[PDB]
Structure formats: C-alpha cells, structure tokens
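Colleague: task: produce atomic coordinates for the following.
(chains A, B, C, D, E, F, G and H, ligands or ions: 3)
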Amino acid sequence: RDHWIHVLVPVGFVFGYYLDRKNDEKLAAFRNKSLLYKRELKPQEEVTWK
Amino acid sequence: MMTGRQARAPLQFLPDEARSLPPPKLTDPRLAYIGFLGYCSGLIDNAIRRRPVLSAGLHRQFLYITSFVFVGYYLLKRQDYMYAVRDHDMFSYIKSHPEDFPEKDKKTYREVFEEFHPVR
Amino acid sequence: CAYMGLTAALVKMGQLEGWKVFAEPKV
Amino acid sequence: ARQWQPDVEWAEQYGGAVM
Amino acid sequence: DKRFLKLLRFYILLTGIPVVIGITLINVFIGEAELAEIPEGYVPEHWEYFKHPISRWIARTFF
Amino acid sequence: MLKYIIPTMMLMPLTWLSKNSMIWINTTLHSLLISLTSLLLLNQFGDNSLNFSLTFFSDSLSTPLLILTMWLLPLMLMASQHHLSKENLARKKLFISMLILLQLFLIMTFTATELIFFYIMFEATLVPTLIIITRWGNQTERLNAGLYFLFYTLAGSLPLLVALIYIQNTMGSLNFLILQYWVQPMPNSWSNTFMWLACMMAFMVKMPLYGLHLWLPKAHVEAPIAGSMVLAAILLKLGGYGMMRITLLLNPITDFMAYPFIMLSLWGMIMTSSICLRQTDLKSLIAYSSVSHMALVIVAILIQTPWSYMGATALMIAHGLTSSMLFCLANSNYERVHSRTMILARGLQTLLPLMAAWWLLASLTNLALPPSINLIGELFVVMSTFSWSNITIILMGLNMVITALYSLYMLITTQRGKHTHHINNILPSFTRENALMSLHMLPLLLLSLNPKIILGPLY
Amino acid sequence: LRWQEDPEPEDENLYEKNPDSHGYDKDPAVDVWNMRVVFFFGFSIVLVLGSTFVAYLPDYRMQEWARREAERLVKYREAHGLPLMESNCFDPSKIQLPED
Amino acid sequence: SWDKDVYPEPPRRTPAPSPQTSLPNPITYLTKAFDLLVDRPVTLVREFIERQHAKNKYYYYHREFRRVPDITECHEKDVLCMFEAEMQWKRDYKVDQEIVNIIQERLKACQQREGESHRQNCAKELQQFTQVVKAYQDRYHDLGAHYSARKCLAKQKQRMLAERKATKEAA
Ligand SMILES: CCCCCCCCCCCCCCCCCC(=O)OC[C@H](COP(=O)([O-])OCC(O)COP(=O)([O-])OC[C@@H](COC(=O)CCCCCCCCCCCCCCCCC)OC(=O)CCCCCCCCCCCCCCCCC)OC(=O)CCCCCCCCCCCCCCCCC
Ligand SMILES: CCCCCCCCCCCCCCCCCC(=O)OC[C@H](COP(=O)([O-])OC[C@H](O)COP(=O)([O-])OC[C@H](COC(=O)CCCCCCCCCCCCCCCCC)OC(=O)CCCCCCCCCCCCCCCCC)OC(=O)CCCCCCCCCCCCCCCCC
Ligand SMILES: CCCCCCCCCCCCCCCCCC(=O)OC[C@H](COP(=O)([O-])OCC[N+](C)(C)C)OC(=O)CCCCCCCCCCCCCCCCC
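Modeller: Numbering: from 1, shown residues only, chains lettered A, B, ... in the order given. Ligands and ions are numbered 1, 2, ... in the order given. Have a look at this structure:
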C-alpha cells in the first residue's frame, strides 16, 4: 500500500479493542450469575453478553 | 525460604512435576514482552555500531528476538513452577495444621458496630 | 534544633508505639 | 536566542580529582 | 486573522451542517421513541432503555 | 483501556517511520484520532465505575483527566513544532517520542486499578518530563532546584512508597475497588499521623502546596512550551487525583490532619495571587496563578464534601485548559520578542486584534467568568468551604478579587496601552497559533453547555 | 580570545519566502496540508462530532432514569398514604444494636 | 405530558373577559394574529412530524432493578455481596435525591402559582418539603465525599443509639 503508515494507529486501535473483548471472556465468571441480573436464557441464546 | 524443597533433587531447572503444570502459550504477553526486549536489543546493537537501525542485520534482529523468546519461555516455565510450588506448600501446610488457621466466624454488618465519623 | 528534635521525637514514639529498627525476621 | 550549553567555565567543574 | 476566521467557520460548518441536517432528519422521520411497560417475557436490550435514536445508536454500537 | 494504550504506543512507529517533512502532520492526525476515540470513556454509571480489567478502570474522576490528557498531545505537537524547526530530525523524533511516552504513562496512571501501579506510573511520568524540560528548555540554570528535587524525593514519593507497601501488607491488597469495601477507619495515633503524612505529602508537592510551590515558577520558566502545557494541564492534577484516591484510606484522621495544610492553602492563595501582581516574568505569573488555583483544589479535597469534590475536579479540568492556553499565549509572544519580560512588548491589540481577543477570552476564563467551568469549579469549592467554615468566604472572596486583578493586568500590560517602539518583528498571527488558541478555548467554552461530564464520580 | 563558535542564528520570518504561510511548516504544500489536517481532524472531526457524541450520551450516569424512577416511587407512596421518605435507609428490625 | 399526581396542579380558575370601557384592547387583536400567523403553521408542521412518528412506532423501557440483599445482611469484607448492596444503596441514593428535587419543584411552582397568597395556600407543600428534607438529612447528611452503605449504616446505628437512649432517659 502507498499509504501503509496511516493504518498503524487505527489497526492498533482495533487490535487493542480486540484484546479488550479477549479480556471480557476472562472476566465472565458471573455472567448471568449475579443476584441482580440473573435470568433464564431466551431461546437461541447461550450467553447474556459477549 | 524454599531452599529445603529444591535440595532433595538439586540443580533441576525444570523438575518432573513441572510437566504437570500448563506451559505458557507462545502468545503469552510476558513472552511477547521478552521478544520486544529482543527487538530493542537488535536496535541497540545496530545503534552502537553505526548501522542503519531499522534496516541492517534483519537476520541478526531475528536471532535476537528468537533467542530472547527461547530463553524467556523456559524462564517463564520455571517462574510458573515456583509459584505453583509456593501455593502447593502453602495449602498442604494449612491442611496439615488446622489449629493454626481457625475458621473465624463471619459476622454480618447487622451485628458489626462501626463508629460513624461525620464530615461536617 | 530541628533534626535532633524530630529524631528524638521519632525515638520517643518508637518507645511508645513499639517501632522496631533492627526487627527480628518473622516471615 | 538559541539553547544554552556548557561553556569552558561549566565544563571545568568536572575535570578535577574531586567534586 | 480574517483568513483564520474564514477557515475556522468553514472547517466547523463542513461537518456542522451535515450533522445538523442529519439530526433534523432523524428527529423528523426516525423520531423520538415512546415510553412503554416491559412486556411479560420480553427482556429488552440495554440500548432499548433509551429515548433518542442517536442515544440508542451510541448505547448499542460503542458502549 | 487497552484500546487507548496500544494506539498511543503505535504512535512510536508512526513517528519513527514517517518521512522527514511529514512527522508533525502524521502525529497530529493520529493523536487527534486518539482524542476522538477518547470519548468512549464517557460510559459511566450512577452507581458503578467503568471497570475494564484487573489492571485498569475508570470512574468519572479519571475519565475527564484521560480525555484532557489525550487531547493535550496534538496541542503540544502544534505548539512545539515552530521552535524545533532548525532542530535535527532525529532529535525532533526524540522530542515527539518523549511526549508520546508521557501520554502513555499518564493514560495508565489515571486508570490504575491498584495503587502501587499508580505509584510506578506516577513516578514514571517525571522522567520524560524531566528530559523534555532539560533538553529543550533553551537555558538551564538550576542551582537551587536540584536541592528542591532532593526535598521532593525525601519528603514526598518515598514515604508514599513505604506507606503503600505497608497497606499492601496490612489490608492484603491495594486495589482501590477492594479498598472501597475493606477500608478500616484510621484512628488517632502517631503511627497513623506519620501514615497520613506519608500518604499525602507527595501529592501535596505535586499540586503544589504553598510553601512547597518553589519548584513551579522555575520548572515552568526553564521548560519548552509542550513541557509547560503538560505541567499546567495534567501533571499538577496527578496530585489531586492521588489525593482523591488515597483519602479513602485516611478517614477519620483527615478530619483533624487537614487543618494545617488547609491554612497553608487558604492563606496561600492570598499570597501567590498577590505575587502575580508583582511579576516581571509573564510565564512566572502564570505559574503562580496555577499555584493560586490549585490551592482551592487542595482545600476542596481536604474538606471531603461532595460539592468540594465536584468543584475540585471541575476546577482541575478547567484550569488545565485555561492555564495551558495562557502558557501558549505567553509563547506566542515569546517567539516574536525573544524575551519573557511582560513590560517589554505592550499595546499588542493595536497589532494583533484576534490574538488580543484570545488574550481576553483566556483572561475571562482565568478570572472565572460565569457560566464557564472555571467559575463552576471555583463556585462549588467556595460553597463547600462555606459549609466548612463561614469565615473562609472572606479568604475566598478576597482571592476572587486579586484573581481578577492580575488577570486583567496581564491583559492590560501585554495588550493595551502604547505599543513598544523599538520592537518591529511583531508578525501577524500564524494560523497555527490561532488554531492552538481555539483548540484550547472552544472545548473550554463548550463544556459550559454540558458540565455534568466534568463533575466527578459523585455528581 | 574565546573559543571557535558558530554565531547566533537570526530568527527567520515565515512570511518572507511564503506570504501565505500558516506557520506550520516552511514548505508551502506541507504547510497547507498540515493546516488542512489540523482543521479537519481538530474541528470537523473532534469538536463537531465530539459535541454531537456528548450531547446524545445515553443518560450519562443515569440521572434521567433516577428522575423517572422517583416519579414512580412518589406516585407509589402518595397513593398508599406512606411518607415520601423514611428517616432510616435500612429496616430498623434487621439491625442489632450494642446493648448496655 | 406527565403524571398529575406526582406533579399536582390545582384546578385552574380564570375569570371571564369583562370589557367595561369602549376602547378596544390590542391584546385580542394580537392574540388573533398570533393564532393565525404562528399557532397554525407550527401546528401543521407538528402534525407532519407526528405522522412521521406514526410511520415508525418503536418503544423504549424504564429499567428495573430487583432488590438485592442490603449491607445489613452481607458478611464483613465479602465484596461479592456488599458490592451488590453498595450498588443498590447508590441507586437508592440518587433516586432519593430526585425525590427531593420533585418536592422542591412542587414548592417553587406552588409559590409562583399562588403569587402573593403563597404563605397561606402552600402550607401542605411546605410541610411535605420539611418532612422530606428531614428524612433526607437523617438518611444521607454528613457522610462525606467517600460515602458508602457502611457510612450510612453507621450513621443510622448512631442515630438509633441516640433515639434508644432518649427513650430510656424519658422513663
Ligand atoms: C439550523 C442550521 C444552522 C446552520 C448549520 C450549523 C449549525 C452549527 C453546527 C452544530 C453541529 C452539532 C453540534 C452538537 C449539537 C447537536 C444537536 C443537539 O444536541 O441539540 C440539542 C437539542 C435537542 O434536540 P434533539 O435531541 O435532537 O430533539 C429533541 C426532541 O426530543 C426531538 O425533536 P423534535 O422531533 O421534537 O423536533 C424535530 C425538529 C428537528 O430537530 C432539530 O431541529 C434539532 C437539531 C438542531 C440542532 C441545532 C444546533 C446548532 C446550533 C443552534 C443555535 C445557534 C444557531 C445560529 C445562531 C442563531 C441566532 C442566535 O423539527 C423541526 O425543527 C421542525 C419544526 C420547525 C419549527 C419552525 C418552523 C415552523 C413553521 C413553518 C412554516 C412553513 C411551512 C408551513 C407548511 C407546512 C406543510 C407541512 O436541540 C436543540 O437545542 C435545537 C436548537 C433549538 C433550541 C431552541 C431554540 C430557542 C430557545 C429560546 C429559549 C432559550 C434560550 C434563551 C436565551 C436568552 C438570551 C441569551
Ligand atoms: C454544541 C453546539 C453549540 C452551538 C452554540 C455555540 C456555543 C459556544 C461556542 C463558543 C462561543 C465563542 C465563539 C467565538 C469566540 C472565539 C473566537 C473569536 O474570538 O472570534 C471572534 C470573531 C468575531 O470577531 P472579528 O471582528 O471577526 O475578529 C476578532 C477581532 O479582531 C477582535 O475580537 P473582539 O474584541 O472584537 O470581539 C471578541 C468578543 C469579546 O467579547 C467579550 O469578551 C465579551 C464576553 C463576556 C461578556 C458577555 C457574555 C457573558 C455571559 C452570558 C452569555 C452566556 C450565557 C447565555 C445563556 C442565557 C443566560 C444564562 O468575543 C465575542 O464576541 C465572542 C462571543 C461569545 C462569547 C462567549 C463568552 C466568552 C467569555 C468567557 C467565558 C464566559 C463563560 C462561558 C460562556 C459559554 C457560552 C456557551 O468570531 C468569529 O469569527 C467566529 C468564529 C466561529 C465561531 C464558532 C463557534 C462555535 C465553536 C464550536 C464548534 C463545535 C460545535 C459546533 C457549533 C458551531 C456553531 C457555528
Ligand atoms: C471533557 C474533559 C476534557 C476537557 C477537554 C476536552 C477537549 C476535547 C473536546 C472534545 C469535544 C467536546 C467535548 C465537550 C462538548 C461539550 C458540548 C456539548 O456536547 O454540549 C451538549 C449540549 C447538550 O444539551 P442538553 O444537556 O440540553 O442535552 C439534552 C440531551 N439531548 C440532546 C439528548 C436531548 O448541547 C447543547 O446544549 C446544544 C443545544 C443547541 C445549541 C446551543 C443553542 C444555544 C447557544 C447559545 C446561543 C446564544 C446565547 C447568548 C450569547 C450571548 C453572547 C455571549
């Protein structure tokens, strides 16, 4: 690409955002297990959040 | 502290029981930081000998990153092993001495009296 | 007048609250 | 107008045996 | 100074006028949502608790 | 927070792989994109803080300081690019790298979940700032400031380090989230008195405190413009942020340990404001104004009411923007007359009318003209300190006279009167300089419309 | 005499070689594109879309909800004859005081 | 509109137009000119906008927080439960703040709407305001800037010790 330097920070954003989602799965020990938002799962659904 | 533990089988960098522990992935962020230390070492090596820093010796920078990742992988395995041994000794000592770690009774805050200090 | 007095106050409060300078190894 | 740098007077303070 | 002020007004209006026209078109055609009771068995999404469509878009997309 | 740290780090290959005429444009563009990205931190809640991971979190205290930090980098790149034109390209990239590294340290200083990671990043911010001030400061004469930095290290950060390790041994953690629920009252004892001084004096020097402000009209003077911008805008506010975190653990002993230092600030803002009436150096005048405004933040944190914390964080954001703009105006005259003497170049409204309009607006925000957030912070601190003691309004209001007095004097001396005859290099205002003044002032004016995003976690 | 020193460089004027200089750079194409970058990604992007973002924040720190919830609860306890707010935040039956 | 119970408005009593003098007032002509020139085009544009609202009807919801256990029945230093208790307590703190704001809006609107007879005709709103401010002060004053459910519980316990001692010393 002739403008390959203008994608260092934006891909560096998205990858960073990617890792944030990657950490959320490591903090899902109380997904649908709190005393405030516990509920039965709707049909065609495996998790309450991702 | 733990020197009587690794005195029955001395001079073992990774013992046999260390193979029961999960090894670090190759995308371990600690190991990625060690590879970044290798890349910094390659840049400082090209800087101190007046080479083009980002250009010269790409095979040499590749061996710097490779060698630091290679050493750091086994260093992280030994690190994880020694913290696992620390927790194993801790838990087996608590289990073998129930008198020293009494299950202290959990009181809720309806019985706990805390002194209120007003901000005024 | 300053540092000697502050040090003597520190030694007094080490007598009071039990401050160890050459503390025995416990852990 | 430019940036100050050590002269001979500043530099000779670090050339003796002791500081 | 006048060149700076012309450039300031131009580069503000450059995305000011599309944003104002778009917000006007959203408030006229897409419009303000209505308060309603939560139905029996319907669990709303987190972005379905907000009134304005741009607020629903922000709460859905980014937050 | 890792969607902000990684673009800030990708500004390093962006600044070292850029073409030689393109390194300001690329870093300014991508740092403005990071500052636009920085608004995703406004996902705050009325009960819970925004808790990203084990390492990073953001309540409504850290969030506006983060947005101001990520906004300050493009402005510093604009302000510092003129006087680095004859610099070496590699030294210019080293300057930009130290700015990027300072932003990198700050944006994970404000989000530090645990307090010793806060300490590491907090004392990590001093090193790129030190190198920026002493390698690009245009003159270095620091015979008295070395001993003062030794006093900062002795009386400040090292007792904080020992105190935080002590809390780590006692409480078992230094997570601020855990310390919200495991906080014990810190009673009256001499051990707890030295504990309070250890937890507070580092942040007292960082604000700065009156009597401890001796570094700040030196370090602001001997610095480049980006260094003075980041000192006035962010690096003082680390002390206020750290006080608002560490005063959770210092209850209720704070309720009688605040009384000396409150006096040191309540009289201190009477003095330093008065000191601004006798300043020959304009940059020193803005420095003593920064002391005179951070004294109120010290008082508002030490009296620990809700209105005082709301006013203190609003005053921190507002004073960051305002004093950064004041240093940029001081540089926009220093780059022409090549001297910081405030009585040298006078009558500049005859020559630069739009720049004198920017001087007028920055002065009116400096003297807390309502409804600006300078006045909102000033006013809420004054209300809370009236609830503290009804006499302090005198020491508030008298300050609010003198704060007006040097604000317009700085306007009247530099911009009004007769122009100086023997100065003929007064060029018209570059579009860069007016853009810098507007990117300071227009966010500061827009925050008057919606101030609720800069009033902290207990709005 | 004193050492071999290069003389003090005079302060250049950016208007001499370029009367349309914005002050960003001495190369005019670089200067004008630096101006366009600063004005577009500063004013057209961050200020305008940023104020549009902040203005339509989805109930920043749940204030509006907290009013509307209050408009429920007052309506629940005006009608049932209750006082509008108790002097105790928690139930005084589930609290054990220290005896004397 | 809104709910007329939480925002009460007493029934309006306007007097009839009683023209005594023969000179025609300007206000009726200006009212008819405002009704023609201003009320009608604004009303037509609002009807167009409301038809476009009807062409896509979609709804939003008021979020409900079911009651989790409070700080009294949470164990000491058990952050998983007392976190829930703290979030519940903070939501109730902000809602109590908006209740106080509703009663203030009532008192101010009563004072203006009654005009000069505000002291005679707004005794009930002033009484409700005194009760809700006494309640909010007993519940949330003097906690500090680092307030929590523990500070509020300790203030409640100190107030209950004072009330029990005052009950004991009266007998
Ligand atoms: C305008 C362009 C100007 C140039 C462009 C550049 C502008 C600047 C760039 C700005 C870039 C964006 C910056 C961020 C802001 C974003 C917008 C935002 O947050 O808006 C907030 C806020 C919230 O709006 P929203 O959330 O979008 O919608 C609210 C509703 O829930 C939902 O909305 P809704 O559905 O209820 O309403 C929909 C609305 C569309 O929505 C909007 O307009 C909202 C978007 C406008 C935002 C504008 C902000 C820019 C700055 C404006 C102020 C400065 C302007 C310049 C200077 C003016 C002079 C000083 O529909 C209409 O407007 C249609 C009705 C028009 C009525 C007038 C004509 C009626 C008769 C027609 C007769 C002819 C036809 C007859 C035949 C018909 C046959 C069918 O919007 C406004 O504030 C709108 C501005 C007007 C407010 C009232 C103005 C008068 C107030 C006077 C008393 C108070 C002041 C007293 C001062 C005392 C002396 C000191
Ligand atoms: C989110 C959308 C919001 C839309 C609404 C906008 C909200 C506020 C935005 C900012 C407002 C100020 C903008 C202009 C000032 C800065 C530039 C300047 O100096 O230009 C001079 C120049 C006119 O002068 P010139 O003759 O051509 O050349 C200069 C002369 O050589 C030499 O100059 P000079 O000496 O002949 O004349 C300077 C004169 C000097 O006049 C003064 O110094 C008098 C000011 C103080 C006393 C009067 C105000 C007191 C407070 C009451 C009013 C506020 C509350 C009202 C509400 C109701 C009551 C509570 O200043 C003015 O005339 C400025 C008028 C506005 C002043 C605002 C208050 C500043 C005082 C300090 C802070 C006070 C508290 C905070 C206020 C916050 C307001 C929201 O203006 C322009 O060329 C305009 C440029 C474009 C302006 C765009 C404004 C919006 C920017 C935001 C972008 C993002 C949102 C999109 C909205 C886009 C809308 C188009
Ligand atoms: C924030 C911490 C860091 C600080 C530095 C930040 C630097 C980076 C900047 C990023 C972008 C900016 C962020 C802050 C934006 C703040 C502005 C904002 O969003 O406002 C929202 C506010 C929101 O108002 P609101 O609170 O009513 O919003 C209601 C909510 N909605 C829209 C969903 C229904 O926007 C407005 O107020 C716009 C209203 C229309 C425009 C204004 C009309 C009147 C203007 C004055 C007319 C003339 C008066 C007389 C003048 C006389 C002469 C003086």
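Colleague: where's the spatially most central residue of chain H, which helix or strand?
Modeller: Central residue of chain H (C-alpha atoms, centre = their mean): residue H:102, 1.5 Å from the mean position. Using DSSP states H and E, residue H:102 falls within helix H:79-114.
Colleague: and that helix, which residues are buried?
Modeller: Buried residues in helix H:79-114, defined by neighbour count with 16 or more other C-beta atoms under 10 Å in any protein chain shown: H:79, H:81-100, H:102-103, H:106-107, H:110. Heads up, the C-betas are built off the backbone N, CA and C, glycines and all.
Colleague: quick one: residues contacting the residue nearest to the centre of chain H.
Modeller: The contact partners of residue H:102, taken as C-beta atoms under 8 Å, 6 or more residues apart in numbering or on different chains, are G:67, G:70, G:71, G:74, H:6, H:7.
Colleague: secondary structure element holding the second one?
Modeller: The one in question is residue G:70. helix G:63-79.
Colleague: show me where chain C has helices.
Modeller: Listed in chain order, the helices of chain C (DSSP state H) span C:3-17.
Colleague: what about the residue nearest to the centre of chain H, distance to residue F:433?
Modeller: From residue H:102 across to residue F:433, the span is 50 Å (C-beta to C-beta, to the nearest Å).
Colleague: all strands for chain A, in order.
Modeller: Counting by DSSP state E, one finds no strands in chain A.
Colleague: just want the residue of chain H that's nearest chain E.
Modeller: residue H:59 (3.9 Å; C-beta to the nearest C-beta).
Colleague: can you tell me the distance between the two ends of stretch H:108-122?
Modeller: 10 Å (C-alpha to C-alpha, to the nearest Å).
Colleague: give me the residue from chain C nearest ligand 1.
Modeller: residue C:6 (58.1 Å; C-beta to the nearest ligand atom).
Colleague: can you get me a residue count around that residue?
Modeller: Look at residue C:6: counted by other C-beta atoms under 10 Å in any protein chain shown, it has 10 neighbours.
Colleague: which ones are touching residue E:16?
Modeller: Contacts of residue E:16 (C-beta under 8 Å, 6+ apart): residue G:48.
Colleague: on the three-state scheme, it is what?
Modeller: helix (DSSP: H, G, I helix; E, B strand; the rest coil).
Colleague: measure it to chain D for me?
Modeller: Distance of residue E:16 to chain D, computed by C-beta to the nearest C-beta, to the nearest Å: 42 Å.
Colleague: could you do residue F:188 as well?
Modeller: Residue F:188 is 46 Å from chain D, by C-beta to the nearest C-beta.
Colleague: next: residue H:110.
Modeller: 70 Å.
Colleague: same thing with residue H:53?
Modeller: 66 Å.
Colleague: and that residue, how far is that from residue E:20?
Modeller: Counting by C-beta to C-beta, the gap from residue H:53 to residue E:20 is 20 Å.
Colleague: of these two, which one has the most company?
Modeller: Each of residue H:53 and residue E:20 has its neighbours counted (other C-beta under 10 Å); residue H:53 has more, 18 against 13.
Colleague: ok, and the closest non-adjacent residue to the more buried one?
Modeller: residue E:31 (4.3 Å; C-beta to C-beta, 6 or more residues apart in numbering or on different chains).
Colleague: quick one: neighbours of that neighbour, just the number.
Modeller: Applying other C-beta under 10 Å, I find that residue E:31 has 19 neighbouring residues.
Colleague: repeat for residue F:169
Modeller: The burial count for residue F:169: 9, using other C-beta under 10 Å.
Colleague: wasn't it part of a helix?
Modeller: Yes: using three-state DSSP, the assignment for residue F:169 is a helix.
Colleague: near ligand 2, which residues of chain H?
Modeller: Along chain H, not a single residue is adjacent to ligand 2 under the rule C-beta under 6 Å from any ligand atom.
Colleague: residue of chain H closest to chain D, please.
Modeller: Closest point on chain H to chain D, by C-beta to the nearest C-beta, is residue H:145, at 45.6 Å.
Colleague: now chain G
Modeller: For chain G, C-beta to the nearest C-beta, closest residue to chain D: residue G:8, 5.5 Å.
Colleague: can you select the buried ones from the contacts of residue H:102 in PyMOL?
Modeller: Selection of buried members from the contacts of residue H:102 for PyMOL, criterion 16+ other C-beta under 10 Å:
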select buried, (chain G and resi 67+70+71+74) or (chain H and resi 6)
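Colleague: any idea how far residue F:323 is from the closest residue to residue F:282 other than its chain neighbours?
Modeller: Excluding its sequence neighbours, the residue lying closest to residue F:282 (C-beta to C-beta, 6+ apart) is residue F:342, at 4.1 Å. Going from residue F:342 to residue F:323 by C-beta to C-beta gives 16 Å.
Colleague: show me which of the two is the more surrounded one.
Modeller: Each of residue F:342 and residue F:323 has its neighbours counted (other C-beta under 10 Å); residue F:323 has more, 27 against 20.
Colleague: tell me the secondary structure at that one.
Modeller: Per three-state DSSP, residue F:323 ends up helix.
Colleague: count of neighbours near the closest residue to chain A within the stretch 301-450 of chain F?
Modeller: When you check the stretch 301-450 of chain F against chain A by C-beta to the nearest C-beta, the closest residue turns out to be residue F:439, at 19.3 Å. By the criterion of other C-beta under 10 Å, residue F:439 has 25 neighbours.
Colleague: for the helix or strand harbouring it, packing partners?
Modeller: Secondary-structure assignment from DSSP H and E places residue F:439 in helix F:431-446. Judged by 3 or more C-beta pairs under 8 Å, 6 or more residues apart in numbering or on different chains; DSSP states H and E, helix F:431-446 is in contact with helix E:2-25, helix F:62-79, helix F:306-337, helix F:353-366, helix G:28-39.
Colleague: output the contacting helices and strands for the fourth one.
Modeller: Under the contact criterion of 3+ C-beta pairs under 8 Å, 6+ apart, the helices and strands touching helix F:353-366 comprise helix F:306-337, helix F:392-415, helix F:431-446.
Colleague: now the helices: where do they sit in the chain?
Modeller: No chain specified, so I'll use chain A. Using DSSP H, helices in chain A cover A:8-24.
Colleague: think we crossed wires, I meant chain B
Modeller: Under DSSP H, chain B gives helices at B:29-48, B:58-95.
Colleague: flag every buried residue along the last one.
Modeller: Just to be clear, that refers to helix B:58-95. Buried, per 16+ other C-beta under 10 Å, within helix B:58-95: B:61, B:64-65, B:68-69, B:72-73, B:75-77, B:80-81, B:85.
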